[PDB]
>>> print(open('my_file07.cif').read())   # mmCIF, N, CA and C atoms
data_model
loop_
_atom_site.group_PDB
_atom_site.id
_atom_site.type_symbol
_atom_site.label_atom_id
_atom_site.label_comp_id
_atom_site.auth_asym_id
_atom_site.auth_seq_id
_atom_site.Cartn_x
_atom_site.Cartn_y
_atom_site.Cartn_z
ATOM 1 N N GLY A 1 0.806 -1.207 0.000
ATOM 2 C CA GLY A 1 0.000 0.000 0.000
ATOM 3 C C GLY A 1 0.842 1.261 0.000
ATOM 4 N N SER A 2 1.861 1.289 0.853
ATOM 5 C CA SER A 2 2.742 2.447 0.953
ATOM 6 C C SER A 2 3.909 2.326 -0.021
ATOM 7 N N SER A 3 3.615 1.875 -1.235
ATOM 8 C CA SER A 3 4.639 1.709 -2.259
ATOM 9 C C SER A 3 5.346 3.032 -2.539
ATOM 10 N N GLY A 4 6.668 3.033 -2.390
ATOM 11 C CA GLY A 4 7.440 4.238 -2.630
ATOM 12 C C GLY A 4 8.681 4.314 -1.762
ATOM 13 N N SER A 5 9.451 3.230 -1.737
ATOM 14 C CA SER A 5 10.667 3.176 -0.936
ATOM 15 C C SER A 5 11.650 2.157 -1.508
ATOM 16 N N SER A 6 12.757 2.654 -2.050
ATOM 17 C CA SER A 6 13.775 1.788 -2.635
ATOM 18 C C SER A 6 14.758 1.310 -1.573
ATOM 19 N N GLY A 7 14.371 0.268 -0.842
ATOM 20 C CA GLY A 7 15.229 -0.269 0.198
ATOM 21 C C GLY A 7 15.164 0.539 1.479
ATOM 22 N N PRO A 8 14.013 0.479 2.164
ATOM 23 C CA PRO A 8 13.799 1.207 3.418
ATOM 24 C C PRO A 8 14.626 0.638 4.566
ATOM 25 N N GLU A 9 14.389 1.150 5.771
ATOM 26 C CA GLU A 9 15.113 0.691 6.950
ATOM 27 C C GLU A 9 14.146 0.258 8.047
ATOM 28 N N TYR A 10 14.521 -0.786 8.780
ATOM 29 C CA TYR A 10 13.687 -1.302 9.858
ATOM 30 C C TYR A 10 14.484 -1.423 11.153
ATOM 31 N N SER A 11 14.535 -0.334 11.913
ATOM 32 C CA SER A 11 15.266 -0.316 13.175
ATOM 33 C C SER A 11 14.323 -0.542 14.352
ATOM 34 N N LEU A 12 14.890 -0.919 15.492
ATOM 35 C CA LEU A 12 14.101 -1.168 16.694
ATOM 36 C C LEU A 12 14.621 -0.344 17.867
ATOM 37 N N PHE A 13 13.704 0.128 18.705
ATOM 38 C CA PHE A 13 14.069 0.929 19.866
ATOM 39 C C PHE A 13 14.229 0.052 21.105
ATOM 40 N N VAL A 14 15.449 -0.005 21.630
ATOM 41 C CA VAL A 14 15.736 -0.806 22.814
ATOM 42 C C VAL A 14 15.976 0.078 24.031
ATOM 43 N N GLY A 15 15.612 -0.429 25.206
ATOM 44 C CA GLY A 15 15.796 0.328 26.430
ATOM 45 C C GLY A 15 16.319 -0.527 27.567
ATOM 46 N N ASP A 16 16.465 0.078 28.741
ATOM 47 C CA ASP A 16 16.961 -0.635 29.912
ATOM 48 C C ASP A 16 18.253 -1.378 29.590
ATOM 49 N N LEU A 17 19.217 -0.660 29.023
ATOM 50 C CA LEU A 17 20.501 -1.251 28.663
ATOM 51 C C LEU A 17 21.551 -0.965 29.732
ATOM 52 N N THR A 18 21.834 -1.967 30.559
ATOM 53 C CA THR A 18 22.820 -1.823 31.623
ATOM 54 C C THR A 18 24.103 -1.188 31.102
ATOM 55 N N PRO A 19 24.799 -0.450 31.981
ATOM 56 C CA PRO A 19 26.053 0.223 31.631
ATOM 57 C C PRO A 19 27.195 -0.762 31.406
ATOM 58 N N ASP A 20 26.885 -2.050 31.494
ATOM 59 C CA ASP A 20 27.887 -3.092 31.297
ATOM 60 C C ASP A 20 27.822 -3.648 29.878
ATOM 61 N N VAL A 21 26.714 -3.379 29.192
ATOM 62 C CA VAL A 21 26.527 -3.852 27.826
ATOM 63 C C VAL A 21 26.975 -2.803 26.815
ATOM 64 N N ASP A 22 27.522 -3.263 25.696
ATOM 65 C CA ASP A 22 27.991 -2.365 24.648
ATOM 66 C C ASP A 22 27.438 -2.780 23.288
ATOM 67 N N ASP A 23 27.805 -2.034 22.252
ATOM 68 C CA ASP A 23 27.346 -2.324 20.900
ATOM 69 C C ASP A 23 27.738 -3.738 20.484
ATOM 70 N N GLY A 24 29.017 -4.064 20.649
ATOM 71 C CA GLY A 24 29.500 -5.384 20.285
ATOM 72 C C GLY A 24 28.519 -6.481 20.652
ATOM 73 N N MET A 25 27.841 -6.312 21.782
ATOM 74 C CA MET A 25 26.869 -7.296 22.244
ATOM 75 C C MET A 25 25.521 -7.092 21.560
ATOM 76 N N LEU A 26 24.945 -5.909 21.737
ATOM 77 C CA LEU A 26 23.655 -5.588 21.137
ATOM 78 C C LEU A 26 23.523 -6.226 19.757
ATOM 79 N N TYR A 27 24.583 -6.133 18.965
ATOM 80 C CA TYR A 27 24.587 -6.700 17.621
ATOM 81 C C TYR A 27 24.440 -8.218 17.671
ATOM 82 N N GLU A 28 25.400 -8.879 18.310
ATOM 83 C CA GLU A 28 25.378 -10.332 18.429
ATOM 84 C C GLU A 28 24.059 -10.809 19.031
ATOM 85 N N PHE A 29 23.731 -10.286 20.208
ATOM 86 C CA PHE A 29 22.496 -10.659 20.891
ATOM 87 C C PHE A 29 21.339 -10.766 19.903
ATOM 88 N N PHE A 30 21.380 -9.942 18.862
ATOM 89 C CA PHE A 30 20.333 -9.941 17.845
ATOM 90 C C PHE A 30 20.726 -10.820 16.661
ATOM 91 N N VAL A 31 21.737 -10.382 15.917
ATOM 92 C CA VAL A 31 22.211 -11.127 14.758
ATOM 93 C C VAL A 31 22.148 -12.630 15.006
ATOM 94 N N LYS A 32 22.303 -13.023 16.265
ATOM 95 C CA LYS A 32 22.261 -14.432 16.637
ATOM 96 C C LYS A 32 20.854 -14.997 16.472
ATOM 97 N N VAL A 33 19.881 -14.342 17.096
ATOM 98 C CA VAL A 33 18.492 -14.778 17.016
ATOM 99 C C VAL A 33 17.918 -14.531 15.625
ATOM 100 N N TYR A 34 18.400 -13.480 14.971
ATOM 101 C CA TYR A 34 17.934 -13.133 13.634
ATOM 102 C C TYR A 34 19.105 -12.775 12.725
ATOM 103 N N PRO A 35 19.327 -13.605 11.694
ATOM 104 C CA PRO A 35 20.413 -13.397 10.731
ATOM 105 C C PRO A 35 20.168 -12.190 9.833
ATOM 106 N N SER A 36 19.046 -11.513 10.052
ATOM 107 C CA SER A 36 18.693 -10.340 9.260
ATOM 108 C C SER A 36 19.068 -9.056 9.994
ATOM 109 N N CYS A 37 19.990 -9.173 10.942
ATOM 110 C CA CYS A 37 20.438 -8.021 11.718
ATOM 111 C C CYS A 37 21.539 -7.265 10.983
ATOM 112 N N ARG A 38 21.424 -5.941 10.954
ATOM 113 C CA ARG A 38 22.407 -5.102 10.281
ATOM 114 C C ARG A 38 23.499 -4.660 11.252
ATOM 115 N N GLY A 39 23.101 -4.350 12.481
ATOM 116 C CA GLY A 39 24.056 -3.916 13.484
ATOM 117 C C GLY A 39 23.387 -3.293 14.692
ATOM 118 N N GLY A 40 24.043 -3.387 15.845
ATOM 119 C CA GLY A 40 23.488 -2.825 17.063
ATOM 120 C C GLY A 40 24.124 -1.500 17.432
ATOM 121 N N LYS A 41 23.317 -0.585 17.958
ATOM 122 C CA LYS A 41 23.806 0.731 18.355
ATOM 123 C C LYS A 41 23.306 1.099 19.748
ATOM 124 N N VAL A 42 24.232 1.472 20.625
ATOM 125 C CA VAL A 42 23.886 1.852 21.989
ATOM 126 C C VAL A 42 24.240 3.310 22.260
ATOM 127 N N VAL A 43 23.263 4.071 22.745
ATOM 128 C CA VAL A 43 23.473 5.481 23.048
ATOM 129 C C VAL A 43 24.301 5.654 24.316
ATOM 130 N N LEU A 44 25.157 6.669 24.323
ATOM 131 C CA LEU A 44 26.010 6.944 25.475
ATOM 132 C C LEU A 44 25.930 8.414 25.872
ATOM 133 N N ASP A 45 26.385 8.720 27.081
ATOM 134 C CA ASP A 45 26.369 10.091 27.582
ATOM 135 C C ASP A 45 27.707 10.778 27.326
ATOM 136 N N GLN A 46 27.782 12.060 27.670
ATOM 137 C CA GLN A 46 29.004 12.831 27.477
ATOM 138 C C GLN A 46 30.227 12.035 27.921
ATOM 139 N N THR A 47 30.090 11.322 29.036
ATOM 140 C CA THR A 47 31.183 10.518 29.568
ATOM 141 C C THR A 47 31.423 9.280 28.712
ATOM 142 N N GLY A 48 30.364 8.800 28.064
ATOM 143 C CA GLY A 48 30.482 7.624 27.222
ATOM 144 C C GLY A 48 29.885 6.388 27.865
ATOM 145 N N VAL A 49 29.006 6.595 28.840
ATOM 146 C CA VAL A 49 28.363 5.488 29.538
ATOM 147 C C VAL A 49 26.959 5.238 28.997
ATOM 148 N N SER A 50 26.637 3.970 28.766
ATOM 149 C CA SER A 50 25.327 3.596 28.245
ATOM 150 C C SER A 50 24.214 4.278 29.034
ATOM 151 N N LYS A 51 23.501 5.187 28.376
ATOM 152 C CA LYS A 51 22.407 5.910 29.013
ATOM 153 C C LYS A 51 21.344 4.947 29.528
ATOM 154 N N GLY A 52 21.225 3.797 28.871
ATOM 155 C CA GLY A 52 20.246 2.806 29.280
ATOM 156 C C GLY A 52 19.286 2.447 28.162
ATOM 157 N N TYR A 53 19.643 2.812 26.937
ATOM 158 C CA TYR A 53 18.804 2.528 25.779
ATOM 159 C C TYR A 53 19.607 2.635 24.485
ATOM 160 N N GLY A 54 19.019 2.160 23.391
ATOM 161 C CA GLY A 54 19.692 2.211 22.106
ATOM 162 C C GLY A 54 18.771 1.857 20.955
ATOM 163 N N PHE A 55 19.358 1.478 19.825
ATOM 164 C CA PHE A 55 18.582 1.114 18.645
ATOM 165 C C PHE A 55 19.362 0.146 17.759
ATOM 166 N N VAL A 56 18.636 -0.731 17.071
ATOM 167 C CA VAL A 56 19.258 -1.711 16.189
ATOM 168 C C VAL A 56 18.715 -1.592 14.768
ATOM 169 N N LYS A 57 19.347 -2.301 13.839
ATOM 170 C CA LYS A 57 18.928 -2.279 12.443
ATOM 171 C C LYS A 57 18.768 -3.695 11.900
ATOM 172 N N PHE A 58 17.952 -3.838 10.861
ATOM 173 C CA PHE A 58 17.715 -5.139 10.248
ATOM 174 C C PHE A 58 17.574 -5.010 8.734
ATOM 175 N N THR A 59 17.529 -6.150 8.051
ATOM 176 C CA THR A 59 17.398 -6.166 6.599
ATOM 177 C C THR A 59 16.011 -6.637 6.176
ATOM 178 N N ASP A 60 15.398 -7.474 7.007
ATOM 179 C CA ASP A 60 14.067 -7.996 6.720
ATOM 180 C C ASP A 60 13.046 -7.464 7.720
ATOM 181 N N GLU A 61 11.952 -6.911 7.205
ATOM 182 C CA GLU A 61 10.902 -6.363 8.054
ATOM 183 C C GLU A 61 10.165 -7.475 8.795
ATOM 184 N N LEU A 62 9.951 -8.593 8.109
ATOM 185 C CA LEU A 62 9.256 -9.731 8.700
ATOM 186 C C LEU A 62 9.872 -10.105 10.045
ATOM 187 N N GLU A 63 11.200 -10.147 10.092
ATOM 188 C CA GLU A 63 11.910 -10.491 11.318
ATOM 189 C C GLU A 63 11.843 -9.346 12.325
ATOM 190 N N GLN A 64 12.030 -8.124 11.836
ATOM 191 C CA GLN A 64 11.991 -6.945 12.692
ATOM 192 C C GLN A 64 10.898 -7.075 13.749
ATOM 193 N N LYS A 65 9.663 -7.258 13.296
ATOM 194 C CA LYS A 65 8.528 -7.399 14.201
ATOM 195 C C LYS A 65 8.675 -8.644 15.068
ATOM 196 N N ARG A 66 8.970 -9.773 14.430
ATOM 197 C CA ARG A 66 9.137 -11.033 15.144
ATOM 198 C C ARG A 66 9.959 -10.832 16.415
ATOM 199 N N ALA A 67 11.005 -10.020 16.315
ATOM 200 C CA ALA A 67 11.870 -9.744 17.455
ATOM 201 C C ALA A 67 11.134 -8.937 18.519
ATOM 202 N N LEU A 68 10.401 -7.919 18.083
ATOM 203 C CA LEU A 68 9.649 -7.069 18.998
ATOM 204 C C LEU A 68 8.837 -7.910 19.978
ATOM 205 N N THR A 69 8.241 -8.986 19.476
ATOM 206 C CA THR A 69 7.437 -9.874 20.306
ATOM 207 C C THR A 69 8.283 -11.003 20.883
ATOM 208 N N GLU A 70 9.260 -11.461 20.106
ATOM 209 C CA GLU A 70 10.139 -12.539 20.542
ATOM 210 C C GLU A 70 11.221 -12.013 21.482
ATOM 211 N N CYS A 71 12.094 -11.163 20.952
ATOM 212 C CA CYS A 71 13.177 -10.588 21.743
ATOM 213 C C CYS A 71 12.627 -9.688 22.845
ATOM 214 N N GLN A 72 11.324 -9.432 22.798
ATOM 215 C CA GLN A 72 10.676 -8.584 23.791
ATOM 216 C C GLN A 72 11.304 -8.780 25.167
ATOM 217 N N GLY A 73 11.510 -7.677 25.881
ATOM 218 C CA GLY A 73 12.104 -7.749 27.203
ATOM 219 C C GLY A 73 13.235 -8.755 27.277
ATOM 220 N N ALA A 74 14.087 -8.761 26.257
ATOM 221 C CA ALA A 74 15.218 -9.680 26.210
ATOM 222 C C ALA A 74 16.118 -9.504 27.428
ATOM 223 N N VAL A 75 16.125 -10.505 28.302
ATOM 224 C CA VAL A 75 16.945 -10.462 29.508
ATOM 225 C C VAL A 75 18.378 -10.888 29.214
ATOM 226 N N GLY A 76 18.526 -11.932 28.403
ATOM 227 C CA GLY A 76 19.847 -12.421 28.057
ATOM 228 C C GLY A 76 20.849 -11.300 27.868
ATOM 229 N N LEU A 77 20.383 -10.175 27.337
ATOM 230 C CA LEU A 77 21.247 -9.024 27.103
ATOM 231 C C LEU A 77 21.265 -8.100 28.317
ATOM 232 N N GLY A 78 22.432 -7.970 28.939
ATOM 233 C CA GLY A 78 22.562 -7.115 30.104
ATOM 234 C C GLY A 78 21.701 -7.579 31.263
ATOM 235 N N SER A 79 22.261 -7.538 32.468
ATOM 236 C CA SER A 79 21.539 -7.963 33.661
ATOM 237 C C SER A 79 20.070 -7.558 33.580
ATOM 238 N N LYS A 80 19.810 -6.425 32.936
ATOM 239 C CA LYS A 80 18.448 -5.927 32.786
ATOM 240 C C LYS A 80 17.901 -6.248 31.399
ATOM 241 N N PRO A 81 16.568 -6.356 31.298
ATOM 242 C CA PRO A 81 15.892 -6.659 30.033
ATOM 243 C C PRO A 81 15.969 -5.502 29.044
ATOM 244 N N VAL A 82 15.366 -5.687 27.874
ATOM 245 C CA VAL A 82 15.365 -4.657 26.842
ATOM 246 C C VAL A 82 13.958 -4.416 26.308
ATOM 247 N N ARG A 83 13.555 -3.150 26.269
ATOM 248 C CA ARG A 83 12.231 -2.784 25.781
ATOM 249 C C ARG A 83 12.256 -2.539 24.275
ATOM 250 N N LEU A 84 11.624 -3.435 23.525
ATOM 251 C CA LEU A 84 11.574 -3.316 22.071
ATOM 252 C C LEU A 84 10.392 -2.455 21.636
ATOM 253 N N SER A 85 10.589 -1.686 20.570
ATOM 254 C CA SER A 85 9.541 -0.814 20.051
ATOM 255 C C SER A 85 9.831 -0.414 18.608
ATOM 256 N N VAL A 86 8.889 0.299 17.998
ATOM 257 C CA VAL A 86 9.042 0.746 16.619
ATOM 258 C C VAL A 86 9.418 2.221 16.557
ATOM 259 N N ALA A 87 10.686 2.493 16.269
ATOM 260 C CA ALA A 87 11.173 3.864 16.178
ATOM 261 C C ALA A 87 10.942 4.436 14.783
ATOM 262 N N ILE A 88 10.991 5.759 14.676
ATOM 263 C CA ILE A 88 10.787 6.430 13.398
ATOM 264 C C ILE A 88 11.874 7.468 13.143
ATOM 265 N N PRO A 89 12.373 7.510 11.899
ATOM 266 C CA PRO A 89 13.420 8.455 11.497
ATOM 267 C C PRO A 89 12.917 9.892 11.448
ATOM 268 N N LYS A 90 13.766 10.796 10.972
ATOM 269 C CA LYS A 90 13.408 12.206 10.870
ATOM 270 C C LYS A 90 12.123 12.384 10.068
ATOM 271 N N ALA A 91 10.997 12.457 10.770
ATOM 272 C CA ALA A 91 9.703 12.630 10.122
ATOM 273 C C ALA A 91 9.166 14.040 10.340
ATOM 274 N N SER A 92 9.721 15.000 9.605
ATOM 275 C CA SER A 92 9.300 16.392 9.721
ATOM 276 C C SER A 92 10.007 17.260 8.686
ATOM 277 N N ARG A 93 9.610 18.526 8.615
ATOM 278 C CA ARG A 93 10.204 19.461 7.667
ATOM 279 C C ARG A 93 10.844 20.641 8.395
ATOM 280 N N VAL A 94 12.171 20.702 8.358
ATOM 281 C CA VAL A 94 12.905 21.778 9.013
ATOM 282 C C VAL A 94 12.770 23.085 8.240
ATOM 283 N N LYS A 95 12.530 24.173 8.965
ATOM 284 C CA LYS A 95 12.381 25.486 8.348
ATOM 285 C C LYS A 95 13.239 26.523 9.065
ATOM 286 N N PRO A 96 13.834 27.440 8.288
ATOM 287 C CA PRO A 96 14.687 28.503 8.828
ATOM 288 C C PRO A 96 13.893 29.541 9.613
ATOM 289 N N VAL A 97 14.456 29.989 10.730
ATOM 290 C CA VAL A 97 13.801 30.984 11.570
ATOM 291 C C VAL A 97 14.509 32.331 11.481
ATOM 292 N N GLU A 98 13.817 33.387 11.898
ATOM 293 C CA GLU A 98 14.381 34.731 11.864
ATOM 294 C C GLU A 98 13.627 35.661 12.811
ATOM 295 N N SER A 99 14.336 36.650 13.348
ATOM 296 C CA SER A 99 13.736 37.605 14.272
ATOM 297 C C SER A 99 14.345 38.992 14.091
ATOM 298 N N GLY A 100 13.518 40.021 14.258
ATOM 299 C CA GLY A 100 13.992 41.384 14.108
ATOM 300 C C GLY A 100 12.859 42.390 14.058
ATOM 301 N N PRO A 101 12.181 42.581 15.200
ATOM 302 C CA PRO A 101 11.059 43.519 15.306
ATOM 303 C C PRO A 101 11.509 44.973 15.214
ATOM 304 N N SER A 102 10.544 45.887 15.205
ATOM 305 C CA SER A 102 10.840 47.312 15.116
ATOM 306 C C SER A 102 9.616 48.145 15.480
ATOM 307 N N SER A 103 9.854 49.293 16.107
ATOM 308 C CA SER A 103 8.770 50.181 16.514
ATOM 309 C C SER A 103 9.001 51.594 15.987
ATOM 310 N N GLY A 104 7.917 52.355 15.860
ATOM 311 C CA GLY A 104 8.021 53.716 15.368
ATOM 312 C C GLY A 104 7.351 54.718 16.287
#
>>> encode(input="my_file07.cif", output="structure tokens")
Amino acid sequence: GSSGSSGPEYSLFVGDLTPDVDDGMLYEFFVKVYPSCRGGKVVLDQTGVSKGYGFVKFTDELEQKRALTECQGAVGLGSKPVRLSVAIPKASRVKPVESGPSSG
């Protein structure tokens, strides 16, 4: 129905990522359960410590969802589980701003 995408992207929103887990894992933890994994990404703070969430990528949409329900609350990864969800890319239109009032 939504025909109009030459090779889209299917990423997943993960959360509750212990500060002991890193990308190297996020990827494997997934790529292992699903061979359609592109790579794992974990967000970090100014210091470089896992904020507690991240995002992953895949090649097949069919699997993407399967994980959301399957990998759901994945405990195997990091002492704490992982909250799977459907994230969305830059969905908006940026516009230039300007200011400069005047009175008479």
>>> atom_distance(input="my_file07.cif", atom1="atom N of residue 16 in chain A", atom2="atom C of residue 50 in chain A")
8.8 Å
>>> resolve_selection(input="my_file07.cif", expression="the PyMOL selection byres ((chain A and resi 17-29) around 6.5)", output="VMD selection string")
chain A and resid 14 to 16 30 to 34 39 to 42 49 to 54 78 to 82
>>> atom_distance(input="my_file07.cif", atom1="CA of residue 59 in chain A", atom2="CA of residue 12 in chain A")
11.7 Å
>>> atom_distance(input="my_file07.cif", atom1="atom C of residue 72 in chain A", atom2="CA of residue 38 in chain A")
18.9 Å
>>> select_by_dssp(input="my_file07.cif", residues="chain A", states="strand (DSSP E or B)", output="PyMOL selection string")
chain A and resi 12-15+37-44+50-58+86
>>> write_last_selection(input="my_file07.cif", atoms="N, CA and C atoms", output="PDB file, in the frame of the given file")
ATOM      1  N   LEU A  12      14.890  -0.919  15.492  1.00  0.00           N
ATOM      2  CA  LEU A  12      14.101  -1.168  16.694  1.00  0.00           C
ATOM      3  C   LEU A  12      14.621  -0.344  17.867  1.00  0.00           C
ATOM      4  N   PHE A  13      13.704   0.128  18.705  1.00  0.00           N
ATOM      5  CA  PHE A  13      14.069   0.929  19.866  1.00  0.00           C
ATOM      6  C   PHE A  13      14.229   0.052  21.105  1.00  0.00           C
ATOM      7  N   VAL A  14      15.449  -0.005  21.630  1.00  0.00           N
ATOM      8  CA  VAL A  14      15.736  -0.806  22.814  1.00  0.00           C
ATOM      9  C   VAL A  14      15.976   0.078  24.031  1.00  0.00           C
ATOM     10  N   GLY A  15      15.612  -0.429  25.206  1.00  0.00           N
ATOM     11  CA  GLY A  15      15.796   0.328  26.430  1.00  0.00           C
ATOM     12  C   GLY A  15      16.319  -0.527  27.567  1.00  0.00           C
ATOM     13  N   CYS A  37      19.990  -9.173  10.942  1.00  0.00           N
ATOM     14  CA  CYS A  37      20.438  -8.021  11.718  1.00  0.00           C
ATOM     15  C   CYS A  37      21.539  -7.265  10.983  1.00  0.00           C
ATOM     16  N   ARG A  38      21.424  -5.941  10.954  1.00  0.00           N
ATOM     17  CA  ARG A  38      22.407  -5.102  10.281  1.00  0.00           C
ATOM     18  C   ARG A  38      23.499  -4.660  11.252  1.00  0.00           C
ATOM     19  N   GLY A  39      23.101  -4.350  12.481  1.00  0.00           N
ATOM     20  CA  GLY A  39      24.056  -3.916  13.484  1.00  0.00           C
ATOM     21  C   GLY A  39      23.387  -3.293  14.692  1.00  0.00           C
ATOM     22  N   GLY A  40      24.043  -3.387  15.845  1.00  0.00           N
ATOM     23  CA  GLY A  40      23.488  -2.825  17.063  1.00  0.00           C
ATOM     24  C   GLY A  40      24.124  -1.500  17.432  1.00  0.00           C
ATOM     25  N   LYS A  41      23.317  -0.585  17.958  1.00  0.00           N
ATOM     26  CA  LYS A  41      23.806   0.731  18.355  1.00  0.00           C
ATOM     27  C   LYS A  41      23.306   1.099  19.748  1.00  0.00           C
ATOM     28  N   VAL A  42      24.232   1.472  20.625  1.00  0.00           N
ATOM     29  CA  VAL A  42      23.886   1.852  21.989  1.00  0.00           C
ATOM     30  C   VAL A  42      24.240   3.310  22.260  1.00  0.00           C
ATOM     31  N   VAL A  43      23.263   4.071  22.745  1.00  0.00           N
ATOM     32  CA  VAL A  43      23.473   5.481  23.048  1.00  0.00           C
ATOM     33  C   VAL A  43      24.301   5.654  24.316  1.00  0.00           C
ATOM     34  N   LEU A  44      25.157   6.669  24.323  1.00  0.00           N
ATOM     35  CA  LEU A  44      26.010   6.944  25.475  1.00  0.00           C
ATOM     36  C   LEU A  44      25.930   8.414  25.872  1.00  0.00           C
ATOM     37  N   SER A  50      26.637   3.970  28.766  1.00  0.00           N
ATOM     38  CA  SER A  50      25.327   3.596  28.245  1.00  0.00           C
ATOM     39  C   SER A  50      24.214   4.278  29.034  1.00  0.00           C
ATOM     40  N   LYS A  51      23.501   5.187  28.376  1.00  0.00           N
ATOM     41  CA  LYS A  51      22.407   5.910  29.013  1.00  0.00           C
ATOM     42  C   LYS A  51      21.344   4.947  29.528  1.00  0.00           C
ATOM     43  N   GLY A  52      21.225   3.797  28.871  1.00  0.00           N
ATOM     44  CA  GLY A  52      20.246   2.806  29.280  1.00  0.00           C
ATOM     45  C   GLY A  52      19.286   2.447  28.162  1.00  0.00           C
ATOM     46  N   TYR A  53      19.643   2.812  26.937  1.00  0.00           N
ATOM     47  CA  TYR A  53      18.804   2.528  25.779  1.00  0.00           C
ATOM     48  C   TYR A  53      19.607   2.635  24.485  1.00  0.00           C
ATOM     49  N   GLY A  54      19.019   2.160  23.391  1.00  0.00           N
ATOM     50  CA  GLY A  54      19.692   2.211  22.106  1.00  0.00           C
ATOM     51  C   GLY A  54      18.771   1.857  20.955  1.00  0.00           C
ATOM     52  N   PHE A  55      19.358   1.478  19.825  1.00  0.00           N
ATOM     53  CA  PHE A  55      18.582   1.114  18.645  1.00  0.00           C
ATOM     54  C   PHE A  55      19.362   0.146  17.759  1.00  0.00           C
ATOM     55  N   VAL A  56      18.636  -0.731  17.071  1.00  0.00           N
ATOM     56  CA  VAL A  56      19.258  -1.711  16.189  1.00  0.00           C
ATOM     57  C   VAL A  56      18.715  -1.592  14.768  1.00  0.00           C
ATOM     58  N   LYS A  57      19.347  -2.301  13.839  1.00  0.00           N
ATOM     59  CA  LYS A  57      18.928  -2.279  12.443  1.00  0.00           C
ATOM     60  C   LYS A  57      18.768  -3.695  11.900  1.00  0.00           C
ATOM     61  N   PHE A  58      17.952  -3.838  10.861  1.00  0.00           N
ATOM     62  CA  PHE A  58      17.715  -5.139  10.248  1.00  0.00           C
ATOM     63  C   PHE A  58      17.574  -5.010   8.734  1.00  0.00           C
ATOM     64  N   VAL A  86       8.889   0.299  17.998  1.00  0.00           N
ATOM     65  CA  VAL A  86       9.042   0.746  16.619  1.00  0.00           C
ATOM     66  C   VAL A  86       9.418   2.221  16.557  1.00  0.00           C
TER      67      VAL A  86
END
>>> residues_around(input="my_file07.cif", residues="residue 85 in chain A", least_positions_apart="5", cutoff="12 Å", atoms="only C-alpha atoms", output="VMD selection string")
chain A and resid 10 to 15 53 to 56 64 to 73
